[PDB]
**Student:** 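This is the structure I want to talk about, given as structure tokens.
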Amino acid sequence: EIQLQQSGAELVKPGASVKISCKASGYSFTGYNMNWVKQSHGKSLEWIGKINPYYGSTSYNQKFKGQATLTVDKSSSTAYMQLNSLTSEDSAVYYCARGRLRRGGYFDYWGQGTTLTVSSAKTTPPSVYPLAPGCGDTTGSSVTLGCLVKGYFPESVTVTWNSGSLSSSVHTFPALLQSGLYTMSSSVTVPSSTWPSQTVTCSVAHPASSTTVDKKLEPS
Amino acid sequence: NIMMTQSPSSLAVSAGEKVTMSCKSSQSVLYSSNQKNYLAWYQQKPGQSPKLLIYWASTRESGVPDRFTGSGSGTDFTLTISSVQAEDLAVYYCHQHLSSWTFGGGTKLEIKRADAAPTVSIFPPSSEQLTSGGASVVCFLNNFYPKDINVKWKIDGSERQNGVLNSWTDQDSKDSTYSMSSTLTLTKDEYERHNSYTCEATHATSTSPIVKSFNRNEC
């Protein structure tokens, strides 16, 4: 099965450069063009450029020609996109995508995307608050718990619920940006027969700030 | 160059309805020498990368369900879903690769379903946050339809919509519902000078809300 594995989210400052990678597997790396595509939040897809891995030959969208450099390493079957002189308008999700040269060049397999944030805002760890029902509350056959993850930057963050051997329903609420800081929340629902008896923990990883916090939900 | 125009920008239909979306190119994408149309269609689901559905205008990519059909030639193309399923919510993009590579602006497909009331849960500020001088009051409204629900906060029986942060999930790919979080941001002082806190959820359609309340003075 073909996989295009891209590097993790990056935060860089205006004027700086970034280099995003795309490691190919499951097909002949040298046989197919590698393309790069920008998607701004709002969602128009724009082609940036392509590289022919065998020759190292490249072709660019003139809108990106001057700031983008495409390269490959055919010892690791990895394609690279370096973007220089970055600005906030470059904040977007970037994809690599395999092209089908001998069928005219449509894109057939895409990487998972890499989120780029261009900003002078500072990397900041989250505060994590467990959300348990109040003492005045009651619950039916199910109970809902939550985790509020507040005041972090940049956006890359993972909230993981561990409910042990319980089956659960999770909702993850998209982050909102305020004052250069993100806030998000997540809910988990388990049977009322099982909490607080069984441990339910919210695990928050924010790689940028080297933060990993785990908060056990406790009855109020 | 070659510009791609898609219509409609968005549409909502119930599962089981047929949908036709269009893609127009500003120049022909029919390659003279092989008489193939260099036109592809992609599906991009929430949180995911685009996936190839159709290439050469009408050829279904391996693995793609038969309900997706691409048609057209020259400048005029359509993608049809014969019978929409819940999992088909996505943005659909057309793409040409005859002269450079360009994309359409996308058609966002949403699913209609029967109205569903939210399961509502309210959470007092934790003592952890309170000791730190903040007070966020959180309310979850889970698994409801339609999207445009009203959430109102009442403090001591009177409304405040000042300082409310609302975040909706993307539509659920299995049951077609939405969920949302509503957070009421207060200073500790603001929080401590009132007692009853209520989150109310109402469909725009009716006047029968679902309410969840707590009292600060209790526990």
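All values below come from the heavy atoms of this structure, side chains included, with hydrogens, waters and symmetry mates left out. Chain A is the first sequence line, chain B the second, and so forth, proteins listed ahead of strands; every chain is numbered from 1.
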**Student:** Need one label for B:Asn166: side chain, backbone, both or neither, based on atoms under 4.5 Å from any heavy atom in chain A.
**Tutor:**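 Contact with chain A involves the backbone of B:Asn166 alone.
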**Student:** Between A:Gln178, A:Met184, A:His171, which residue shows the highest count of heavy-atom pairs closer than 4.5 Å to chain B?
**Tutor:** A:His171
**Student:** So which part of B:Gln48 gets closer than 4.5 Å to some heavy atom of chain A, the side chain, the backbone, both or neither?
**Tutor:**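 For B:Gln48, the contact with chain A is made by the backbone alone.
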**Student:** Would you mind checking which part of A:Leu131 comes under 4.5 Å of any heavy atom in chain B, side chain (CB onward), backbone (N, CA, C, O), both or neither?
**Tutor:**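 Both backbone and side chain.
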**Student:** Measure distances from B:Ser179 to the heavy atoms of chain A and classify the residue's part below 4.5 Å as side chain, backbone, both or neither.
**Tutor:**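 The answer is both parts of B:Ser179.
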**Student:** Counting heavy-atom pairs closer than 4.5 Å to chain A, which one of B:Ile122, B:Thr102, B:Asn143 comes out on top?
**Tutor:** B:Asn143
**Student:** Other residues, nucleotides and ligands only: do more than 12 of their heavy atoms fall within 6.0 Å of NZ on A:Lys43?
**Tutor:** yes
**Student:** Which answer fits B:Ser167, side chain, backbone, both or neither, if we ask what part of it has an atom under 4.5 Å from a heavy atom of chain A?
**Tutor:** both
**Student:** Under the 6.0 Å and 45° cation-pi test, does A:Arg98 pair with A:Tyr32?
**Tutor:** yes
**Student:** Specify which of B:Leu98, B:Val138, B:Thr169, B:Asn142 makes the most heavy-atom pairs with chain A at under 4.5 Å.
**Tutor:**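 So the answer, after comparing B:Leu98, B:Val138, B:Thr169, B:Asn142, is B:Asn142.
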**Student:** Counting only heavy atoms not in B:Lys36, do more than 12 sit closer than 6.0 Å to its NZ atom?
**Tutor:** yes
**Student:** Checking heavy atoms, do the side chain of B:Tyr38, its backbone, both or neither come under 4.5 Å from chain A?
**Tutor:** side chain
**Student:** Could you check whether A:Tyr109 and A:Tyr27 have their ring centres less than 6.0 Å apart?
**Tutor:** no
**Student:** Under 4.5 Å heavy-atom distance to chain B, tell me which part of A:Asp108 shows up: side chain, backbone, both or neither.
**Tutor:**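 It is both, since atoms from each part get that close.
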**Student:** Examine whether an atom of A:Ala132 lies under 4.5 Å from a heavy atom of chain B, and if so say whether it belongs to the side chain, the backbone or both; otherwise answer neither.
**Tutor:** backbone
**Student:** Going from SG on A:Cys96 to NZ on A:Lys23, what distance comes out if it is rounded to the nearest 0.5 angstrom?
**Tutor:**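 Output value for this atom pair is 11.5 Å.
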**Student:** Name the option with the most non-hydrogen atom pairs under 4.5 Å to chain A; the candidates are B:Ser181, B:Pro125, B:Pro50.
**Tutor:**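 Greatest number of close heavy-atom pairs with chain A: B:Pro50.
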**Student:** Using heavy-atom distances under 4.5 Å, tell me whether A:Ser59 contacts chain B through its side chain, its backbone, both, or neither.
**Tutor:**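 Contact with chain B: none, neither part.
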**Student:** Between chain A and each of B:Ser100, B:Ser49, B:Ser132, count heavy-atom pairs under 4.5 Å; write down the option with the most.
**Tutor:** B:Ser49
**Student:** Looking only at heavy atoms and a cut-off of under 4.5 Å, which of B:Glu128, B:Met180, B:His97, B:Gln44 has the most pairs with chain A?
**Tutor:** B:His97
**Student:** I need the residue from B:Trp56, B:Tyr55, B:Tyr31, B:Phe214 with the largest number of non-hydrogen atom pairs under 4.5 Å to chain A.
**Tutor:** B:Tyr55
**Student:** With only heavy atoms counted, which part of B:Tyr42 is less than 4.5 Å from chain A, the side chain, the backbone, both or neither?
**Tutor:**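 For B:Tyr42, the contact with chain A is made by the side chain alone.
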**Student:** Check the surroundings of atom NZ in B:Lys188: do more than 12 heavy atoms from other residues, nucleotides or ligands lie under 6.0 Å from it?
**Tutor:**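 Check passes, neighbour count above 12.
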**Student:** Among A:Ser186, A:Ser168, A:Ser187, A:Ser169, exactly one meets side chain to side chain donor-acceptor pair (under 3.5 Å) together with A:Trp161. Which residue is that?
**Tutor:** A:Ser186
**Student:** Does A:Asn52 reach the side chain of A:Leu101, with side-chain heavy atoms less than 4.5 Å apart?
**Tutor:** yes
**Student:** Is the number of heavy atoms from other residues, nucleotides or ligands within 6.0 Å of CG (B:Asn162) greater than 12?
**Tutor:**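 Not more than 12 within 6.0 Å, no.
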**Student:** Which region of B:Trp168, side chain (C-beta onward) or backbone (N, CA, C, O), has a non-hydrogen atom less than 4.5 Å from a non-hydrogen atom of chain A, or is it both or neither?
**Tutor:**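 B:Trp168 touches chain A through backbone heavy atoms alone.
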**Student:** Please classify the contact between A:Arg100 and chain B as side chain, backbone, both or neither, with a heavy-atom cut-off of under 4.5 Å.
**Tutor:** neither
**Student:** So which part of A:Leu45 gets closer than 4.5 Å to some heavy atom of chain B, the side chain, the backbone, both or neither?
**Tutor:** both
**Student:** Any chance the side chains of B:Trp101 and A:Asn35 put a donor and an acceptor closer than 3.5 Å?
**Tutor:**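 No.
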**Student:** Quick check for you: to the nearest 0.5 Å, what is the distance between A:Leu83 atom CG and A:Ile48 atom CD1?
**Tutor:** 6.0 Å
**Student:** Centroid-to-centroid, A:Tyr95 to A:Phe107, below 6.0 Å?
**Tutor:** no
**Student:** Flag the pair B:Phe140 / A:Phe173 as yes when their ring centroid distance falls below 6.0 Å, and as no otherwise.
**Tutor:**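 When the ring centroids of B:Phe140 and A:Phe173 are compared, they turn out to be within the sub-6.0 Å range.
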**Student:** Which atoms of A:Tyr106 are under 4.5 Å from chain B, going by heavy atoms: the side chain, the backbone, both sets, or neither?
**Tutor:** both
**Student:** Taking every heavy-atom pair that is under 4.5 Å apart, which of A:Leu176, A:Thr172, A:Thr139 has the most such pairs with chain B?
**Tutor:** A:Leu176
